[PDB]
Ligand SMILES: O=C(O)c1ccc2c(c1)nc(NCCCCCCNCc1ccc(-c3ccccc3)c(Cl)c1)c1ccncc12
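Read the single chain below, which is given as C-alpha cells and is the form deposited without this ligand.
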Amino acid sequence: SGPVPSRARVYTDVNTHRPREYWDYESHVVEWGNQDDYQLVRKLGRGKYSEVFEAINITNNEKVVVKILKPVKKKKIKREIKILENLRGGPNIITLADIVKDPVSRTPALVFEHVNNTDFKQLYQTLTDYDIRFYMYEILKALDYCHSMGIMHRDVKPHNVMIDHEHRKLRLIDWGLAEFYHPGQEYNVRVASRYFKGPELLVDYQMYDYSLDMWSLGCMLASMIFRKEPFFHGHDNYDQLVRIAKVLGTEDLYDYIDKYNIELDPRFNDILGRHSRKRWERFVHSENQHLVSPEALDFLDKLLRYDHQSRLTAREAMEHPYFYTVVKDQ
C-alpha cells in the first residue's frame, strides 16, 4: 500500500505555529551588503558548493570567513540564508554576518564570523575522555536549539563541527543542506555524507525528521570513542547499510522495514544477508580503552537505532549519565 507515515516525537508543529515568513524561504528577499567591505586574504578550502576564504572587513579591521557559492538554484541559497538568519544567536551556531555579490563569480558570498580551528585530523588525536563529553554536550546544545526552531541540520559530521580547542569553543557550520521540518513532508534522501547517512536515507524512507541528526551524531561518537574514523566506512550507499547491519544486526533492520512497510530495493536482497547484533566490546582495544566507559556505550547504543523514533532526542541525550560530570562543571 506504500510506507507508513511518521512524525517527529518532539518539536512536531513548531513551524506551523510560526508566521509563514519564518519557513517560507522561497519568498525571502535578500538585502545585499557591500562587497567592497571585504578584502580576500587567502583560500581556506574548496567545497562541493563553495570556495572558502579568509578575509578582512576593512570598515572595522575584523577577520572574517567568506563562502563564495558555486552556481546553485536560488531556492537553495534562500533556504540556507533563511535558516542561518533564523538561527543567529543560538548556542554554538555559526553566525552569518553579511551577504554580498561576488564581483568575479557574480554569485552570492556569505560572510561568516571567523573561527580559529584545530583540524579534526590533529584533534580527534589528542582528545581526552572529558574533552569528548564536553564537546558532544556542546554539539547537543546546537542540535536541541535548531530542532526546537523547526530545523534539521541533515549534514552533521566532523568537517561541519568547528572547534577552537584553545578557547574550548565550538560552532556547528555548513547549513547548506538544512531543512525546515513539517509533519507529513517527504524529503530528499540524497543528503548527508555516506558515512553519516541514517538507515532511513539508505532504505529510501522520505518521511524522516530531526532524529536523522541524532544518527549522524552517533557515527561521530563511535569514531571518537573507538578511534576509527569514519566509523561506518561504506564504499557506496548499499555497502553502507551492510556495514551498519554487520554491527546492529539484520533482525532489527528487518523489523524496522516491516514496521514502516518500507519497500526494500531488490539490490539489497543478495547483499544484506544475516547478521547478529554485536557487543560494543569488540571495538575496545588498548589504544581506545581510556575513552570507552559503560556510560559512553549506553549513550551510543541509544543514538544508533534503525527506527528513527527510538533514538534519543537532543534533549534526552543531554541528560544521559555520560554528561553528569560536564553538567556539574557548568
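Basically, rigid core = biggest C-alpha set you can superpose within 1.5 Å across the two forms. Counting begins at 1, following the sequence as shown.
For the pair 57-65 and 299-307, the mean B factor over Cα atoms is greater in 57-65. Note on 174-182 vs 108-116: mean CA B-factor is higher in 108-116. Per the deposited record, 168 carries the highest C-alpha B-factor of all listed residues (157, 78, 243, 168). Per the PDB entry, 164 shows the highest C-alpha temperature factor of the residues 164, 85, 200, 144. The deposited CA B-factor of residue 236 belongs to the highest third of values across its chain. Sorting the modelled residues of the chain by their CA temperature factor places residue 251 in the highest third.
Remark: residue 204 belongs to the middle third of its chain, ranked by C-alpha B-factor as recorded.
Residue 121: CA B factor in the highest third of modelled residues in this chain (values from the PDB entry). Among the modelled residues of its chain, residue 128 has a C-alpha B-factor that falls in the highest third according to the deposited record.
Absent from the display: the form deposited with this ligand bound. The rest refers to it.
Mapping the unseen interface onto this chain, residue 159 counts among the residues with a heavy atom inside 4.5 Å of this ligand in the entry with it bound.
Within this chain, residue 305 is remote from the site of this ligand in the entry with it bound, having no heavy atom within 4.5 Å. Though the partner is left out of this view, residue 52 does reach within 4.5 Å of this ligand in the entry with it bound, counting heavy atoms only. A residue is said to contact a partner when one of its heavy atoms sits within 4.5 Å of a partner heavy atom; residue 232 fails this definition for this ligand in the entry with it bound, lying far away. Proximity to this ligand in the entry with it bound, taken as a non-hydrogen atom within 4.5 angstroms, holds for one residue of 145, 226, 120, 256, which is 120. The listed set 127, 203, 248, 149 contains one residue whose heavy atoms approach this ligand in the entry with it bound to within 4.5 Å, identified as 127.
Candidate site formed by 212, 296 and 327: none of these residues places a non-hydrogen atom within 4.5 angstroms of this ligand in the entry with it bound. When the two forms are superposed on their rigid core between the shown form and the other one, the C-alpha shift of 2 Å or more among 105, 185, 250, 148 belongs solely to 105. Taking 2 Å as the criterion, residue 236 does not count as shifted between the shown form and the other one: its C-alpha moves by less than this amount when the rigid core is aligned.
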